[PDB]
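Chemist: This is run.txt, which holds compact mmCIF, C-alpha atoms and all ligand atoms:
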```txt
# COMPACT_ATOMS: atom_id res chain seq x y z
CA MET A 1 -3.84 -15.24 -33.04
CA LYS A 2 -1.00 -12.86 -34.04
CA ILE A 3 0.68 -13.90 -37.32
CA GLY A 4 3.98 -12.25 -38.23
CA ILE A 5 4.64 -11.99 -41.97
CA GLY A 6 7.83 -11.05 -43.87
CA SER A 7 9.37 -11.32 -47.30
CA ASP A 8 12.13 -10.20 -49.69
CA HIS A 9 11.23 -8.37 -53.01
CA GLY A 10 10.80 -11.95 -54.47
CA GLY A 11 7.80 -12.61 -52.11
CA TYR A 12 6.44 -9.03 -51.68
CA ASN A 13 3.36 -9.32 -53.90
CA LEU A 14 2.27 -12.70 -52.46
CA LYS A 15 2.83 -11.21 -48.94
CA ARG A 16 0.41 -8.32 -49.79
CA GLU A 17 -2.24 -10.89 -50.79
CA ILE A 18 -1.73 -13.08 -47.74
CA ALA A 19 -1.77 -10.05 -45.28
CA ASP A 20 -5.20 -9.12 -46.82
CA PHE A 21 -6.40 -12.72 -46.66
CA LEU A 22 -5.47 -13.06 -43.01
CA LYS A 23 -6.95 -9.63 -41.89
CA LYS A 24 -10.27 -10.53 -43.67
CA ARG A 25 -10.28 -13.57 -41.47
CA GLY A 26 -9.76 -11.44 -38.32
CA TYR A 27 -6.13 -12.43 -37.58
CA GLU A 28 -3.90 -9.69 -36.27
CA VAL A 29 -1.03 -9.32 -38.77
CA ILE A 30 2.35 -7.84 -37.95
CA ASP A 31 4.06 -7.02 -41.27
CA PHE A 32 7.86 -7.11 -40.89
CA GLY A 33 8.53 -5.87 -44.46
CA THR A 34 9.87 -5.73 -47.00
CA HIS A 35 7.65 -2.86 -48.08
CA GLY A 36 8.21 -2.68 -51.84
CA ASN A 37 9.80 -4.25 -54.94
CA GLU A 38 13.38 -2.98 -54.50
CA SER A 39 16.00 -5.74 -54.18
CA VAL A 40 16.55 -6.70 -50.50
CA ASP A 41 18.09 -9.72 -48.70
CA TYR A 42 15.72 -12.54 -47.58
CA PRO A 43 17.81 -13.39 -44.45
CA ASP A 44 16.92 -9.99 -42.84
CA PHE A 45 13.17 -10.59 -43.08
CA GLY A 46 13.41 -14.34 -42.21
CA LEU A 47 15.18 -13.24 -39.04
CA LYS A 48 12.62 -10.47 -38.06
CA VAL A 49 9.76 -13.02 -38.37
CA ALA A 50 11.62 -15.83 -36.61
CA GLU A 51 12.64 -13.57 -33.65
CA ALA A 52 9.04 -12.33 -33.36
CA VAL A 53 7.80 -15.83 -33.14
CA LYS A 54 10.55 -16.82 -30.68
CA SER A 55 9.86 -13.81 -28.41
CA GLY A 56 6.09 -14.58 -28.40
CA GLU A 57 5.41 -11.23 -30.03
CA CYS A 58 3.78 -13.28 -32.89
CA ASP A 59 2.22 -16.68 -32.29
CA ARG A 60 3.44 -17.91 -35.67
CA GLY A 61 4.85 -16.55 -38.87
CA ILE A 62 4.72 -16.81 -42.62
CA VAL A 63 7.85 -15.97 -44.70
CA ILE A 64 7.89 -15.70 -48.48
CA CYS A 65 10.71 -15.37 -51.08
CA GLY A 66 11.05 -16.45 -54.67
CA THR A 67 11.13 -20.17 -53.74
CA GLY A 68 10.65 -20.14 -49.93
CA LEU A 69 14.02 -21.86 -49.57
CA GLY A 70 16.42 -19.08 -48.53
CA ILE A 71 14.07 -17.34 -46.14
CA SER A 72 13.14 -20.66 -44.45
CA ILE A 73 16.75 -21.76 -44.13
CA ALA A 74 17.56 -18.38 -42.53
CA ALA A 75 14.49 -18.66 -40.10
CA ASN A 76 15.57 -22.27 -39.13
CA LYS A 77 18.94 -20.88 -37.88
CA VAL A 78 16.99 -19.44 -34.88
CA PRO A 79 16.64 -21.90 -31.93
CA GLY A 80 13.01 -22.85 -31.25
CA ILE A 81 11.99 -22.08 -34.93
CA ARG A 82 10.72 -24.82 -37.27
CA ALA A 83 10.01 -23.18 -40.67
CA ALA A 84 8.35 -25.46 -43.24
CA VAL A 85 8.63 -24.72 -47.02
CA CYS A 86 5.30 -26.12 -48.36
CA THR A 87 4.25 -26.37 -51.96
CA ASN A 88 0.89 -28.14 -51.39
CA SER A 89 -1.71 -28.40 -48.52
CA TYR A 90 -0.63 -31.98 -47.71
CA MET A 91 2.87 -30.77 -46.69
CA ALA A 92 1.27 -27.81 -44.83
CA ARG A 93 -0.94 -30.17 -42.77
CA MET A 94 1.91 -32.47 -42.02
CA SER A 95 4.29 -29.59 -41.06
CA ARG A 96 1.76 -28.75 -38.20
CA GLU A 97 0.74 -32.35 -37.29
CA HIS A 98 4.23 -33.83 -37.25
CA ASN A 99 6.82 -31.04 -37.02
CA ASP A 100 4.78 -28.58 -34.98
CA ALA A 101 5.99 -25.90 -37.47
CA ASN A 102 5.66 -22.35 -36.19
CA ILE A 103 6.68 -20.71 -39.55
CA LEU A 104 5.12 -21.47 -42.93
CA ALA A 105 7.49 -20.65 -45.86
CA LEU A 106 6.21 -20.11 -49.41
CA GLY A 107 7.73 -19.32 -52.77
CA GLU A 108 5.96 -16.67 -54.85
CA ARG A 109 7.67 -17.86 -58.11
CA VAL A 110 6.70 -21.49 -57.52
CA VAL A 111 3.07 -21.54 -56.12
CA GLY A 112 0.28 -19.48 -57.79
CA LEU A 113 -1.87 -17.28 -55.58
CA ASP A 114 -4.94 -19.47 -55.00
CA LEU A 115 -2.78 -22.47 -54.38
CA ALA A 116 -0.76 -20.51 -51.81
CA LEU A 117 -3.99 -19.28 -50.02
CA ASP A 118 -5.09 -22.89 -49.88
CA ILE A 119 -1.79 -23.88 -48.26
CA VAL A 120 -2.03 -20.97 -45.74
CA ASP A 121 -5.71 -21.96 -44.83
CA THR A 122 -4.61 -25.60 -44.30
CA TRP A 123 -1.58 -24.65 -42.23
CA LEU A 124 -3.51 -22.25 -39.93
CA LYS A 125 -6.16 -24.92 -39.20
CA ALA A 126 -3.94 -27.99 -38.68
CA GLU A 127 -3.00 -29.17 -35.14
CA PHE A 128 0.13 -30.70 -33.61
CA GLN A 129 -0.40 -34.42 -32.89
CA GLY A 130 2.26 -34.87 -30.10
CA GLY A 131 3.39 -38.30 -29.10
CA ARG A 132 6.29 -39.66 -31.13
CA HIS A 133 6.27 -36.31 -33.02
CA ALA A 134 7.03 -34.43 -29.74
CA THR A 135 9.92 -36.84 -29.08
CA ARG A 136 11.25 -35.98 -32.58
CA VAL A 137 10.80 -32.24 -32.13
CA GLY A 138 12.82 -32.65 -28.85
CA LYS A 139 15.68 -34.26 -30.83
CA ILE A 140 15.63 -31.19 -33.13
CA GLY A 141 16.06 -29.15 -29.82
CA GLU A 142 19.02 -31.36 -28.98
CA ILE A 143 20.76 -30.34 -32.22
CA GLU A 144 20.12 -26.70 -31.34
CA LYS A 145 21.62 -27.31 -27.85
CA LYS A 146 24.72 -29.01 -29.40
CA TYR A 147 25.56 -25.99 -31.67
CA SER A 148 24.39 -23.37 -29.25
CA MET B 1 31.98 -36.20 -55.58
CA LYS B 2 31.14 -38.02 -52.33
CA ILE B 3 27.38 -37.79 -51.60
CA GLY B 4 26.12 -38.58 -48.08
CA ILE B 5 22.56 -40.00 -47.95
CA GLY B 6 20.24 -40.55 -44.91
CA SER B 7 16.59 -41.06 -44.09
CA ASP B 8 14.01 -42.15 -41.48
CA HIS B 9 11.71 -45.20 -42.22
CA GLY B 10 9.45 -42.64 -44.07
CA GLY B 11 12.23 -42.04 -46.75
CA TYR B 12 13.97 -45.45 -46.62
CA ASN B 13 12.61 -46.92 -49.89
CA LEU B 14 13.26 -43.74 -51.86
CA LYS B 15 16.79 -43.61 -50.29
CA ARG B 16 17.49 -47.14 -51.69
CA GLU B 17 16.47 -45.99 -55.20
CA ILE B 18 18.54 -42.80 -55.02
CA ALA B 19 21.68 -44.64 -53.67
CA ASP B 20 21.42 -47.04 -56.75
CA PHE B 21 20.86 -44.10 -59.04
CA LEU B 22 23.92 -42.18 -57.81
CA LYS B 23 26.19 -45.27 -57.91
CA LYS B 24 25.25 -45.99 -61.54
CA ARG B 25 26.46 -42.48 -62.21
CA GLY B 26 29.80 -43.21 -60.48
CA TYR B 27 29.25 -41.13 -57.29
CA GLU B 28 30.74 -42.46 -54.15
CA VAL B 29 27.75 -42.80 -51.81
CA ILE B 30 28.04 -42.93 -48.01
CA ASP B 31 24.74 -44.33 -46.62
CA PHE B 32 24.13 -43.03 -43.06
CA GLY B 33 21.02 -45.19 -42.62
CA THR B 34 18.40 -45.86 -41.57
CA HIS B 35 18.74 -49.41 -42.88
CA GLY B 36 15.16 -50.76 -42.78
CA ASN B 37 11.43 -49.92 -42.38
CA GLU B 38 11.33 -49.99 -38.55
CA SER B 39 10.13 -46.75 -37.13
CA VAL B 40 13.07 -44.32 -36.33
CA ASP B 41 13.59 -40.57 -35.66
CA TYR B 42 14.40 -38.35 -38.67
CA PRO B 43 16.58 -35.91 -36.60
CA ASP B 44 19.25 -38.65 -35.95
CA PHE B 45 19.83 -39.21 -39.69
CA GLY B 46 19.48 -35.51 -40.70
CA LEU B 47 22.19 -34.85 -38.13
CA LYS B 48 24.56 -37.63 -39.37
CA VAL B 49 24.37 -36.39 -43.01
CA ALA B 50 24.68 -32.70 -41.99
CA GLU B 51 27.76 -33.39 -39.80
CA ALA B 52 29.34 -35.44 -42.64
CA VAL B 53 28.85 -32.57 -45.05
CA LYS B 54 30.11 -30.12 -42.43
CA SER B 55 33.30 -32.15 -41.74
CA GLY B 56 34.08 -32.52 -45.50
CA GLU B 57 33.64 -36.30 -45.14
CA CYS B 58 30.85 -35.92 -47.78
CA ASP B 59 30.81 -33.11 -50.34
CA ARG B 60 26.96 -32.86 -50.39
CA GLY B 61 24.11 -34.75 -48.85
CA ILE B 62 20.59 -35.90 -49.63
CA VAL B 63 18.11 -36.48 -46.75
CA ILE B 64 14.67 -38.05 -47.16
CA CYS B 65 11.68 -38.39 -44.84
CA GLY B 66 7.91 -38.58 -45.44
CA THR B 67 7.75 -34.90 -46.52
CA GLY B 68 11.41 -33.80 -46.35
CA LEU B 69 10.40 -31.18 -43.81
CA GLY B 70 11.44 -32.62 -40.45
CA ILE B 71 14.77 -33.97 -41.68
CA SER B 72 15.73 -30.69 -43.46
CA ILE B 73 14.75 -28.57 -40.45
CA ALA B 74 16.98 -30.78 -38.28
CA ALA B 75 19.91 -30.56 -40.85
CA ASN B 76 19.52 -26.71 -40.98
CA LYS B 77 20.25 -26.46 -37.22
CA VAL B 78 23.88 -27.31 -38.03
CA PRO B 79 26.02 -24.26 -38.79
CA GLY B 80 27.26 -24.19 -42.34
CA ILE B 81 24.41 -26.44 -43.59
CA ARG B 82 21.81 -25.14 -46.05
CA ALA B 83 19.24 -27.91 -46.65
CA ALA B 84 16.62 -27.32 -49.38
CA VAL B 85 13.30 -29.23 -49.46
CA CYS B 86 12.50 -29.35 -53.15
CA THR B 87 9.37 -30.75 -54.78
CA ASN B 88 10.31 -29.84 -58.37
CA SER B 89 13.51 -29.34 -60.51
CA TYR B 90 13.05 -25.57 -60.63
CA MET B 91 13.37 -25.34 -56.77
CA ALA B 92 16.32 -27.83 -56.97
CA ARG B 93 18.12 -25.60 -59.53
CA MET B 94 17.47 -22.46 -57.56
CA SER B 95 18.51 -24.01 -54.24
CA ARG B 96 22.08 -24.43 -55.86
CA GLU B 97 22.16 -21.20 -57.98
CA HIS B 98 20.90 -18.91 -55.23
CA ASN B 99 21.18 -20.65 -51.82
CA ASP B 100 24.32 -22.68 -52.53
CA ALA B 101 22.46 -25.59 -50.87
CA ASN B 102 24.72 -28.38 -49.74
CA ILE B 103 21.84 -30.71 -48.71
CA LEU B 104 18.87 -31.75 -50.84
CA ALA B 105 15.78 -32.82 -48.82
CA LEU B 106 13.00 -34.85 -50.42
CA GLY B 107 9.73 -36.28 -49.24
CA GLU B 108 9.00 -39.90 -50.24
CA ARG B 109 5.20 -39.49 -49.53
CA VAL B 110 5.04 -36.33 -51.64
CA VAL B 111 7.20 -36.82 -54.84
CA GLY B 112 6.97 -40.04 -56.92
CA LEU B 113 10.18 -41.86 -57.78
CA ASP B 114 10.84 -40.53 -61.29
CA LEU B 115 10.08 -37.04 -60.27
CA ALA B 116 12.45 -37.35 -57.33
CA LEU B 117 15.27 -38.67 -59.65
CA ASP B 118 14.64 -35.71 -61.88
CA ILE B 119 15.04 -33.32 -58.93
CA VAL B 120 18.28 -35.07 -57.79
CA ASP B 121 19.71 -35.03 -61.39
CA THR B 122 18.95 -31.28 -61.53
CA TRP B 123 20.38 -30.47 -58.10
CA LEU B 124 23.66 -32.40 -58.69
CA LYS B 125 24.26 -30.45 -61.98
CA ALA B 126 23.28 -26.91 -60.95
CA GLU B 127 26.02 -24.42 -59.94
CA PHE B 128 26.17 -21.65 -57.36
CA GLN B 129 25.97 -18.21 -59.01
CA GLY B 130 27.78 -16.09 -56.39
CA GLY B 131 27.37 -12.38 -56.31
CA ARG B 132 24.39 -10.99 -54.43
CA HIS B 133 23.60 -14.66 -53.59
CA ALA B 134 26.95 -14.94 -51.73
CA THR B 135 26.15 -11.72 -49.81
CA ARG B 136 22.80 -13.37 -48.79
CA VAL B 137 24.41 -16.66 -47.80
CA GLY B 138 26.79 -14.62 -45.57
CA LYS B 139 23.76 -13.10 -43.81
CA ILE B 140 22.49 -16.65 -43.07
CA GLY B 141 26.05 -17.15 -41.56
CA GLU B 142 25.46 -14.11 -39.42
CA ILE B 143 22.29 -15.63 -37.91
CA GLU B 144 24.32 -18.76 -37.12
CA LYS B 145 26.99 -16.56 -35.39
CA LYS B 146 24.30 -14.70 -33.43
CA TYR B 147 22.84 -17.93 -31.93
CA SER B 148 26.09 -19.78 -31.70
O1 LIG A 201 15.66 -18.26 -51.76
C1 LIG A 201 16.02 -17.01 -52.24
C2 LIG A 201 14.77 -16.39 -52.89
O2 LIG A 201 14.27 -17.31 -53.81
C3 LIG A 201 14.88 -14.96 -53.50
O3 LIG A 201 13.59 -14.23 -53.56
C4 LIG A 201 15.69 -14.97 -54.81
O4 LIG A 201 17.00 -15.60 -54.60
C5 LIG A 201 16.04 -13.57 -55.25
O5 LIG A 201 16.47 -13.61 -56.65
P1 LIG A 201 16.80 -12.25 -57.40
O6 LIG A 201 17.91 -11.51 -56.67
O7 LIG A 201 17.26 -12.62 -58.82
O8 LIG A 201 15.56 -11.40 -57.30
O1 LIG A 202 8.95 -34.66 -41.37
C1 LIG A 202 8.84 -35.85 -40.62
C2 LIG A 202 8.67 -36.99 -41.65
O2 LIG A 202 7.59 -36.62 -42.47
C3 LIG A 202 8.52 -38.46 -41.12
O3 LIG A 202 8.95 -39.49 -42.09
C4 LIG A 202 7.10 -38.74 -40.57
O4 LIG A 202 6.74 -37.75 -39.54
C5 LIG A 202 6.98 -40.02 -39.79
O5 LIG A 202 5.55 -40.29 -39.64
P1 LIG A 202 5.14 -41.70 -38.99
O6 LIG A 202 5.76 -41.83 -37.63
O7 LIG A 202 3.60 -41.76 -38.92
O8 LIG A 202 5.75 -42.71 -39.91
```
If you took the structure in this file and wrote it as structure tokens, what would it be?

Modeler:
Amino acid sequence: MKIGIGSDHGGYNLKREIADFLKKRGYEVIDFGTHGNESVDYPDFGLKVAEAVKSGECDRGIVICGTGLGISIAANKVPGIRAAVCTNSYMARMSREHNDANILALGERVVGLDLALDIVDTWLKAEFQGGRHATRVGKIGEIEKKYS
Amino acid sequence: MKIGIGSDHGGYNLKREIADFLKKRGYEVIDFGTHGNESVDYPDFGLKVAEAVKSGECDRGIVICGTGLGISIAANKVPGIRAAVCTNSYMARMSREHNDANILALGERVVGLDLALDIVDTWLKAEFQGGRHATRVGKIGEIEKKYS
């Protein structure tokens, strides 16, 4: 599958590691930037990844900033996007199983590298469980329709 | 300040503990439910808290589900809402300082009680730092205006 990835300067180094991780595993990676350590604004890169996932240009996306919070909040503003900030593999599994998340958000200043690779591996392998969880994802779509 | 609180059945027991906690500290708490352990849909309660914060009926809100993820994704679909799933006090502090979060999301199946009270104590005390962080919050507002 095609994984879009994006970060601010706060998640740039962890993004470099995950892009490498994913390519080694034979995923196609689209890197939406940022492309160095200079200060940039996490909403710009959250948006590029979220719109790539929404357009079907990427199948899913991973967004990284210092904590994961800002970039995931920004990505969740896009209708049809469910971005999950995960700090352990349990949350990552559940974000796929229950929330059908199509963006994984991570925080480079919170999770160390090997932990974050473990979360990514879990998230990429977990599967949506449907049922009552589809009903709940629909109700998330209803909120989007209300404020649309 | 007036704190709105809400959960599904997955965050109901932790909600009870936090409501008690906040009252002992002299916060006015508005409990949006749910009001027992029967299975319910986290988007309904994320929405109620988010709309209370948005109307000014509550100053800030706390939403709880099994992981915090579904309920905070739902809350983040409301314009003007910035809901932060935090699993430690550092993320809670940053969600205020940097993201000016007006909703704290927690996961009852992820954080134990005393940890979760520590995160809430931190979040309620932390202050927005403005500056470049206000510029970035504005860009989240721009995504909202785009998809409005
Ligand atoms: O959620 C926002 C992210 O954590 C950022 O990477 C962080 O706010 C940027 O902080 P600073 O401007 O001090 O690098
Ligand atoms: O993010 C969704 C929350 O984790 C819920 O509390 C959880 O999905 C509900 O799971 P179940 O229906 O098995 O109680």

Chemist: Given a cut-off of 7 Å, which residues of chain A touch chain B, counting all atoms listed in the file, written out as a PyMOL selection string?

Modeler: chain A and resi 41+43+67+69-70+73-74+76-78+82+84-85+91+95+99+136+139-140+143-144+147-148

Chemist: Skipping near chain neighbours, those fewer than 2 positions away, what residues fall within 8 Å of residue 126 in chain A using all atoms listed in the file, listed as a list in words?

Modeler: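 Surrounding residues, per the criterion: residues 93, 96, 97, 122, 123, 124 and 128 of chain A.
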
Chemist: Which protein, DNA or RNA residues have an atom at most 10 Å from (29.7, -43.6, -42.4), counting only C-alpha atoms? List them as a PyMOL selection string.

Modeler: chain B and resi 4-5+29-33+48-49+52+57-58

Chemist: One number please: CA of residue 104 in chain B to CA of residue 127 in chain A, in Å, one decimal.

Modeler: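 Distance reported for this atom pair: 27.0 Å.
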
Chemist: Record the distance separating CA of residue 6 in chain B and CA of residue 60 in chain B, expressed in Å with one decimal.

Modeler: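 These two atoms are separated by 11.6 Å.
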
Chemist: Report as a list in words all protein, DNA and RNA residues lying within 8 Å of residue 12 in chain A, evaluated on only C-alpha atoms, omitting residues in the same chain fewer than 6 positions from it.

Modeler: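 Skipping anything fewer than 6 positions along the chain leaves residues 34, 35, 36, 37, 64 and 65 of chain A.
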
Chemist: Looking at B:134, B:62, B:28, B:125, which one is nearest to residue 11 in chain B, with distances taken over all atoms listed in the file?

Modeler: B:62

Chemist: Between CA of residue 22 in chain B and CA of residue 55 in chain B, what is the distance in Å, rounded to a tenth?

Modeler: 21.1 Å

Chemist: Restricting the calculation to only C-alpha atoms and all ligand atoms: of B:112, B:26, B:10, B:61, which residue gets closest to ligand LIG 202 (chain A)?

Modeler: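 Looking only at the distances to ligand LIG 202 (chain A), the closest residue turns out to be B:10.
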
Chemist: Please return range 51-63 of chain A, rebuilt to N, CA, C and O atoms, as a compact mmCIF listing (two decimals), in the frame of the given file.

Modeler:
```txt
# COMPACT_ATOMS: atom_id res chain seq x y z
N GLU A 51 12.43 -14.14 -34.99
CA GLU A 51 12.64 -13.57 -33.65
C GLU A 51 11.32 -13.11 -33.04
O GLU A 51 11.14 -13.19 -31.83
N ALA A 52 10.39 -12.62 -33.86
CA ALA A 52 9.04 -12.33 -33.36
C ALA A 52 8.28 -13.52 -32.90
O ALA A 52 7.56 -13.45 -31.88
N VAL A 53 8.48 -14.65 -33.56
CA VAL A 53 7.80 -15.83 -33.14
C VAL A 53 8.47 -16.36 -31.86
O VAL A 53 7.77 -16.84 -30.91
N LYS A 54 9.80 -16.27 -31.81
CA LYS A 54 10.55 -16.82 -30.68
C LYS A 54 10.24 -16.00 -29.42
O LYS A 54 10.13 -16.57 -28.36
N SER A 55 10.12 -14.69 -29.55
CA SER A 55 9.86 -13.81 -28.41
C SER A 55 8.42 -13.88 -27.91
O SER A 55 8.14 -13.43 -26.80
N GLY A 56 7.52 -14.49 -28.70
CA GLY A 56 6.09 -14.58 -28.40
C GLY A 56 5.37 -13.34 -28.84
O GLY A 56 4.17 -13.23 -28.62
N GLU A 57 6.06 -12.39 -29.45
CA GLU A 57 5.41 -11.23 -30.03
C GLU A 57 4.40 -11.61 -31.13
O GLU A 57 3.35 -10.93 -31.28
N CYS A 58 4.71 -12.68 -31.94
CA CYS A 58 3.78 -13.28 -32.89
C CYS A 58 3.55 -14.69 -32.40
O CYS A 58 4.48 -15.31 -31.92
N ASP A 59 2.36 -15.25 -32.55
CA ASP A 59 2.22 -16.68 -32.29
C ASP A 59 2.87 -17.62 -33.36
O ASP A 59 3.35 -18.73 -33.06
N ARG A 60 2.74 -17.20 -34.61
CA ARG A 60 3.44 -17.91 -35.67
C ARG A 60 3.65 -16.97 -36.80
O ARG A 60 3.23 -15.80 -36.71
N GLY A 61 4.34 -17.46 -37.83
CA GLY A 61 4.85 -16.55 -38.87
C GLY A 61 4.75 -17.20 -40.22
O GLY A 61 4.63 -18.46 -40.37
N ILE A 62 4.68 -16.35 -41.21
CA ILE A 62 4.72 -16.81 -42.62
C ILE A 62 5.80 -15.97 -43.30
O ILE A 62 5.80 -14.72 -43.12
N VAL A 63 6.69 -16.63 -44.05
CA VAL A 63 7.85 -15.97 -44.70
C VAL A 63 7.78 -16.37 -46.20
O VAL A 63 7.41 -17.50 -46.54
```
